[PDB]
Amino acid sequence: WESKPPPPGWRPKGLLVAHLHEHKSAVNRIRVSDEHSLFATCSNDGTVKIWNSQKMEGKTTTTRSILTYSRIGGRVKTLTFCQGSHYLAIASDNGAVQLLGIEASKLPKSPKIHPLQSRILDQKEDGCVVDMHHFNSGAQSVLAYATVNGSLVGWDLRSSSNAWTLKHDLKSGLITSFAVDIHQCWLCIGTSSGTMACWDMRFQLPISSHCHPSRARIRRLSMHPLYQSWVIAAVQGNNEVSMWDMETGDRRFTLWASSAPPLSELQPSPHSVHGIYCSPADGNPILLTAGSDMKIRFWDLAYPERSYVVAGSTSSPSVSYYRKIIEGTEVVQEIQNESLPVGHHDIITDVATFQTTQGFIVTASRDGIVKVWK
Amino acid sequence: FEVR
Amino acid sequence: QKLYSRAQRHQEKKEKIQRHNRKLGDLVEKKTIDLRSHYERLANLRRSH
Amino acid sequence: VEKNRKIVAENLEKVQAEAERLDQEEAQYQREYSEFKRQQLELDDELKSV
Amino acid sequence: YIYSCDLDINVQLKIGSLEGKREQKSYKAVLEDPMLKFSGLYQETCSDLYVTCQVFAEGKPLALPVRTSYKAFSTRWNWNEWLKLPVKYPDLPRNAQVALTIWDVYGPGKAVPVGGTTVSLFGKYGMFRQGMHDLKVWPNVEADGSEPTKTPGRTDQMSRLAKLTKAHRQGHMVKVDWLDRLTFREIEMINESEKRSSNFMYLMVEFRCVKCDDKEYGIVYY
């Protein structure tokens, strides 16, 4: 799930660029620019911190957020970089939506273009939004926004019509996670009512045959490079990273690390990992997912123990990860092995990285922690 | 903090 | 009728999740208060040292 | 027979409408459940981050 | 694609069955006059009728009330026949509207056609259809053929199903074949809802493909 899949052998290392705590409240929404070298930072304080890699890295007096705009209000926990739309969509608790051309402040110190497109979505049907993704094809600009309350619809950034709607997955209920096909094939929605749901991208056909029966929360989505009919997802509890065959609609993949047994009914381990990043390389998918255990996760399938990851906990001997084959699939069990705490001290959720034979990665916590790893 |  | 049974189950789940949401919000408030208290204690210790 | 048939057609339309209304109510209830569960998850995540 | 001018050929087609059932049996109107009982449907396991079909350019007549030959529908109205209307291809091609009726005894003294509807000869964009265009019935009423046609036959849930099926079958589907099977399965449910829908009259109108490109050719007037 990344352009120019890299060669095998990806392992992490102990380098970083900068750290920030500017966001007064928790930050749970970031956007990474495509045409440029910048990424967006927003916080539960209803304020968004814009950070430019070129400037924020160093060689400057202060690496403060370039574009800090709080006119949205509420809690800003929804942001996205519109695909070739020269607009940035932002969402806040108060059922409102914004699509601003804040890039207007690039060269001079001038007011950032307020939301070129904005809307206060229905408080009951959609609230403001739970999901929002824009589709770019040059000729048309279509962005798809989902709300926590079961509802899925798209909004063309260059069109007034908003008929692109997906009938609420009522059985799915909660709508807080969705997956996207790389070629606009189909979408899957991460929910928490136990059941899961999938959507098509050609005809937007609703396909609800996925689930984690325990009524578990699933907010993580990436396209499983292993099978176009397979997807990559992360769910809360037991440090779960599983791949689900949505035809069966259940996850069949593991890195088992949890007090809970595999697919444990009680899930004795409530810890999990999220913010997964997908790319095909080294004979299997190569992923970097935010480990809610604060385990900076550079994850491997064939040799998870053998490879190297960005996580901490130096007290653990050489990386320990179990590789198995279970009922037609290879199963993995993840097993564990003055000063100042370098690692984040909050519930880390977001990760973003850039490199070319070398580069940097961005990390954050559940309160505003900023970790810019090199 | 405030990065002035 | 089948769909209605499923929806009633999902609605009971919604009510339970909302109760847990209120509980988790109160708990997060207490945790943030504790974190602020720890930061203030660190402030005082740092000032003394 | 015609009274029965008219009542039957009216009740079939009414049943289809009731099913659609129940579907809409269920979609709204799933939206509300989504909001409540998202609140629960965010509150737990915030307690954990704190 | 083709220009209409060159051909100017007379009208011909095939026959198809009307979806609308004879639930239009004028229960009270039956309670009034004794003739109606003589209705072919009234007295047969099914209903044959005397076909009438014509084309009018926005209401101006341009052909004759074409009627099919003697065929059996008093037990099954399955129409497997052809008909040649009296309208030339270029004849009043602009704004031409296919209006028709079927003559079946509204009574022993009332044997005539009381079913009619009007639809443009070409499509909503101008392309002619030489393929079946099932028509919206106007029971107890006959066709008019005017541009403001009062009984539309040819140009939503069923609409969405049909449009999506047309788009997909045009060759607009990705290498993920599984949807097409599920596509038809769910089109089955949509059609089930549409059929459960009642208090409506319909007809299957099968425009005969032309052996000029040998298809339901899309002709545009010129």
# chains A, B, ... in the order shown; residues from 1 in each chain; ligands from 1
call {"tool": "residues_around", "arguments": {"residues": "residue 209 (chain E)", "least_positions_apart": "6", "cutoff": "12 Å", "atoms": "only C-alpha atoms", "output": "mmCIF file with N, CA and C atoms, in the first residue's frame"}}
result
data_model
loop_
_atom_site.group_PDB
_atom_site.id
_atom_site.type_symbol
_atom_site.label_atom_id
_atom_site.label_comp_id
_atom_site.auth_asym_id
_atom_site.auth_seq_id
_atom_site.Cartn_x
_atom_site.Cartn_y
_atom_site.Cartn_z
ATOM 1 N N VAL E 11 -41.558 0.715 -41.386
ATOM 2 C CA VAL E 11 -41.447 0.247 -40.008
ATOM 3 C C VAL E 11 -41.803 -1.229 -39.945
ATOM 4 N N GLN E 12 -41.022 -1.984 -39.178
ATOM 5 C CA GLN E 12 -41.281 -3.390 -38.910
ATOM 6 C C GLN E 12 -40.653 -3.750 -37.573
ATOM 7 N N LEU E 13 -41.199 -4.774 -36.925
ATOM 8 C CA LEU E 13 -40.739 -5.139 -35.596
ATOM 9 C C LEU E 13 -41.275 -6.513 -35.225
ATOM 10 N N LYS E 14 -41.060 -6.885 -33.968
ATOM 11 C CA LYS E 14 -41.559 -8.131 -33.412
ATOM 12 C C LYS E 14 -42.544 -7.835 -32.286
ATOM 13 N N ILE E 15 -43.300 -8.858 -31.898
ATOM 14 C CA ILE E 15 -44.386 -8.712 -30.937
ATOM 15 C C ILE E 15 -43.935 -9.239 -29.584
ATOM 16 N N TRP E 82 -44.081 -10.694 -35.147
ATOM 17 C CA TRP E 82 -43.459 -9.518 -35.731
ATOM 18 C C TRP E 82 -44.538 -8.617 -36.311
ATOM 19 N N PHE E 128 -32.081 5.817 -31.898
ATOM 20 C CA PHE E 128 -33.188 4.903 -32.128
ATOM 21 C C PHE E 128 -32.916 3.558 -31.462
ATOM 22 N N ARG E 129 -33.987 2.906 -31.027
ATOM 23 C CA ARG E 129 -33.888 1.607 -30.372
ATOM 24 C C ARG E 129 -34.550 0.563 -31.257
ATOM 25 N N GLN E 130 -33.766 -0.424 -31.703
ATOM 26 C CA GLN E 130 -34.336 -1.581 -32.381
ATOM 27 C C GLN E 130 -34.385 -2.780 -31.444
ATOM 28 N N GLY E 131 -34.464 -2.528 -30.138
ATOM 29 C CA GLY E 131 -34.557 -3.576 -29.150
ATOM 30 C C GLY E 131 -35.755 -3.369 -28.235
ATOM 31 N N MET E 132 -36.135 -4.448 -27.556
ATOM 32 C CA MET E 132 -37.354 -4.432 -26.762
ATOM 33 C C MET E 132 -37.334 -3.287 -25.761
ATOM 34 N N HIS E 133 -38.389 -2.476 -25.784
ATOM 35 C CA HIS E 133 -38.586 -1.412 -24.808
ATOM 36 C C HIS E 133 -39.936 -1.639 -24.147
ATOM 37 N N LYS E 215 -28.663 -5.248 -35.170
ATOM 38 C CA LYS E 215 -28.810 -4.997 -33.745
ATOM 39 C C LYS E 215 -30.031 -4.125 -33.504
ATOM 40 N N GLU E 216 -30.222 -3.768 -32.236
ATOM 41 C CA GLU E 216 -31.211 -2.773 -31.853
ATOM 42 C C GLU E 216 -30.659 -1.396 -32.193
ATOM 43 N N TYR E 217 -30.437 -1.156 -33.483
ATOM 44 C CA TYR E 217 -29.589 -0.063 -33.934
ATOM 45 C C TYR E 217 -30.066 1.278 -33.393
ATOM 46 N N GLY E 218 -29.101 2.114 -33.017
ATOM 47 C CA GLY E 218 -29.389 3.463 -32.576
ATOM 48 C C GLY E 218 -29.337 4.452 -33.717
ATOM 49 N N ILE E 219 -30.501 4.794 -34.254
ATOM 50 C CA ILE E 219 -30.614 5.714 -35.377
ATOM 51 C C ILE E 219 -30.924 7.101 -34.844
#
call {"tool": "interface_residues", "arguments": {"of": "chain D", "to": "chain C", "cutoff": "6 Å", "atoms": "only C-alpha atoms", "output": "count of residues only"}}
result
10
call {"tool": "residues_around", "arguments": {"residues": "residue 2 (chain B)", "least_positions_apart": "6", "cutoff": "10 Å", "atoms": "only C-alpha atoms", "output": "PyMOL selection string"}}
result
chain A and resi 21-22+62+64
call {"tool": "residues_around", "arguments": {"residues": "residue 6 (chain D)", "least_positions_apart": "5", "cutoff": "12 Å", "atoms": "only C-alpha atoms", "output": "VMD selection string"}}
result
(chain D and resid 1 11 to 13) or (chain E and resid 198 to 199)
call {"tool": "write_last_selection", "arguments": {"atoms": "N, CA, C and O atoms", "output": "PDB file, in the first residue's frame"}}
result
ATOM      1  N   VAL D   1     -64.905  -9.420  -2.027  1.00  0.00           N
ATOM      2  CA  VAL D   1     -63.583  -9.766  -2.539  1.00  0.00           C
ATOM      3  C   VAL D   1     -62.793  -8.508  -2.872  1.00  0.00           C
ATOM      4  O   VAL D   1     -61.593  -8.420  -2.592  1.00  0.00           O
ATOM      5  N   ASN D  11     -52.572  -2.489   2.771  1.00  0.00           N
ATOM      6  CA  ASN D  11     -51.748  -3.001   3.855  1.00  0.00           C
ATOM      7  C   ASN D  11     -50.379  -3.459   3.374  1.00  0.00           C
ATOM      8  O   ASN D  11     -49.417  -3.366   4.132  1.00  0.00           O
ATOM      9  N   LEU D  12     -50.271  -3.945   2.138  1.00  0.00           N
ATOM     10  CA  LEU D  12     -48.965  -4.303   1.593  1.00  0.00           C
ATOM     11  C   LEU D  12     -48.109  -3.063   1.386  1.00  0.00           C
ATOM     12  O   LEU D  12     -46.919  -3.050   1.724  1.00  0.00           O
ATOM     13  N   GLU D  13     -48.700  -2.006   0.825  1.00  0.00           N
ATOM     14  CA  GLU D  13     -47.974  -0.746   0.724  1.00  0.00           C
ATOM     15  C   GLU D  13     -47.594  -0.227   2.104  1.00  0.00           C
ATOM     16  O   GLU D  13     -46.476   0.264   2.307  1.00  0.00           O
TER      17      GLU D  13
ATOM     18  N   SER E 198     -47.728  -3.158  -6.640  1.00  0.00           N
ATOM     19  CA  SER E 198     -48.959  -3.521  -7.331  1.00  0.00           C
ATOM     20  C   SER E 198     -49.673  -2.235  -7.735  1.00  0.00           C
ATOM     21  O   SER E 198     -49.121  -1.134  -7.639  1.00  0.00           O
ATOM     22  N   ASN E 199     -50.914  -2.370  -8.196  1.00  0.00           N
ATOM     23  CA  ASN E 199     -51.689  -1.236  -8.694  1.00  0.00           C
ATOM     24  C   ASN E 199     -50.983  -0.543  -9.853  1.00  0.00           C
ATOM     25  O   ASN E 199     -51.014   0.685  -9.969  1.00  0.00           O
TER      26      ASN E 199
END
call {"tool": "closest_residue", "arguments": {"among": "E:144, E:81, E:23, E:206", "to": "chain D", "atoms": "only C-alpha atoms"}}
result
E:23
call {"tool": "closest_atom_pairs", "arguments": {"of": "chain A", "to": "chain D", "cutoff": "6 Å", "atoms": "only C-alpha atoms", "output": "CSV"}}
result
residue,atom,partner,partner_atom,distance
A:148,CA,D:34,CA,4.6
A:149,CA,D:31,CA,2.5
A:150,CA,D:31,CA,3.7
A:168,CA,D:27,CA,5.1
A:170,CA,D:27,CA,4.7
A:173,CA,D:30,CA,3.6
A:174,CA,D:34,CA,3.1
A:175,CA,D:34,CA,5.4
A:346,CA,D:49,CA,3.7
A:347,CA,D:49,CA,4.3
A:366,CA,D:49,CA,4.9
call {"tool": "residues_around", "arguments": {"residues": "residue 19 (chain E)", "least_positions_apart": "2", "cutoff": "10 Å", "atoms": "only C-alpha atoms", "output": "list in words"}}
result
residues 16, 17, 21, 22, 77, 78, 134, 135, 136, 137, 200, 201, 202, 203, 204 and 205 of chain E
call {"tool": "write_last_selection", "arguments": {"atoms": "C-alpha atoms", "output": "PDB file, in the first residue's frame"}}
result
ATOM      1  CA  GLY E  16     -44.084  -8.984 -27.176  1.00  0.00           C
ATOM      2  CA  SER E  17     -46.366  -9.551 -24.221  1.00  0.00           C
ATOM      3  CA  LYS E  21     -52.524  -8.039 -16.114  1.00  0.00           C
ATOM      4  CA  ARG E  22     -56.228  -7.760 -16.853  1.00  0.00           C
ATOM      5  CA  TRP E  77     -50.543 -13.666 -23.733  1.00  0.00           C
ATOM      6  CA  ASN E  78     -46.954 -14.601 -24.580  1.00  0.00           C
ATOM      7  CA  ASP E 134     -41.194  -2.676 -22.364  1.00  0.00           C
ATOM      8  CA  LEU E 135     -43.799   0.046 -22.038  1.00  0.00           C
ATOM      9  CA  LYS E 136     -45.696   1.684 -19.193  1.00  0.00           C
ATOM     10  CA  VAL E 137     -49.343   0.709 -19.564  1.00  0.00           C
ATOM     11  CA  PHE E 200     -49.647  -0.779 -11.877  1.00  0.00           C
ATOM     12  CA  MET E 201     -49.974  -1.887 -15.500  1.00  0.00           C
ATOM     13  CA  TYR E 202     -46.994  -2.626 -17.734  1.00  0.00           C
ATOM     14  CA  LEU E 203     -46.135  -4.117 -21.097  1.00  0.00           C
ATOM     15  CA  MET E 204     -43.036  -5.623 -22.667  1.00  0.00           C
ATOM     16  CA  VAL E 205     -42.445  -3.894 -26.000  1.00  0.00           C
TER      17      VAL E 205
END
call {"tool": "select_by_dssp", "arguments": {"residues": "region 6-170 of chain E", "states": "alpha helix (DSSP H)", "output": "PyMOL selection string"}}
result
chain E and resi 6-7+27-32+40-43+157-169
call {"tool": "residues_around", "arguments": {"residues": "region 71-75 of chain E", "least_positions_apart": "5", "cutoff": "8 Å", "atoms": "only C-alpha atoms", "output": "ChimeraX atom specification"}}
result
/E:40-41,44-49
call {"tool": "interface_residues", "arguments": {"of": "chain D", "to": "chain E", "cutoff": "12 Å", "atoms": "only C-alpha atoms", "output": "list in words"}}
result
residues 1, 2, 3, 5, 6, 8, 9, 10, 11, 12, 13, 14, 15, 16, 17, 19 and 20 of chain D
call {"tool": "interface_residues", "arguments": {"of": "chain A", "to": "chain C", "cutoff": "10 Å", "atoms": "only C-alpha atoms", "output": "PyMOL selection string"}}
result
chain A and resi 170-174+192-195+215+367
call {"tool": "write_last_selection", "arguments": {"atoms": "C-alpha atoms", "output": "mmCIF file, in the first residue's frame"}}
result
data_model
loop_
_atom_site.group_PDB
_atom_site.id
_atom_site.type_symbol
_atom_site.label_atom_id
_atom_site.label_comp_id
_atom_site.auth_asym_id
_atom_site.auth_seq_id
_atom_site.Cartn_x
_atom_site.Cartn_y
_atom_site.Cartn_z
ATOM 1 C CA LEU A 170 -27.337 -0.358 10.760
ATOM 2 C CA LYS A 171 -26.253 -3.842 11.826
ATOM 3 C CA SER A 172 -22.721 -2.475 11.648
ATOM 4 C CA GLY A 173 -23.997 0.562 13.529
ATOM 5 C CA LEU A 174 -20.871 2.389 14.658
ATOM 6 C CA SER A 192 -17.502 -1.995 16.935
ATOM 7 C CA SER A 193 -20.885 -3.793 17.080
ATOM 8 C CA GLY A 194 -19.032 -7.084 16.566
ATOM 9 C CA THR A 195 -20.182 -7.339 12.968
ATOM 10 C CA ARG A 215 -18.702 -6.549 19.624
ATOM 11 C CA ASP A 367 -2.544 13.925 24.168
#
call {"tool": "residues_around", "arguments": {"residues": "residue 63 (chain A)", "least_positions_apart": "3", "cutoff": "9 Å", "atoms": "only C-alpha atoms", "output": "ChimeraX atom specification"}}
result
/A:18,20,51-52,55-58,60,66 /B:3
call {"tool": "interface_residues", "arguments": {"of": "chain A", "to": "chain E", "cutoff": "8 Å", "atoms": "only C-alpha atoms", "output": "PyMOL selection string"}}
result
chain A and resi 185+202-203
call {"tool": "atom_distance", "arguments": {"atom1": "CA of residue 212 (chain A)", "atom2": "CA of residue 144 (chain A)"}}
result
25.2 Å
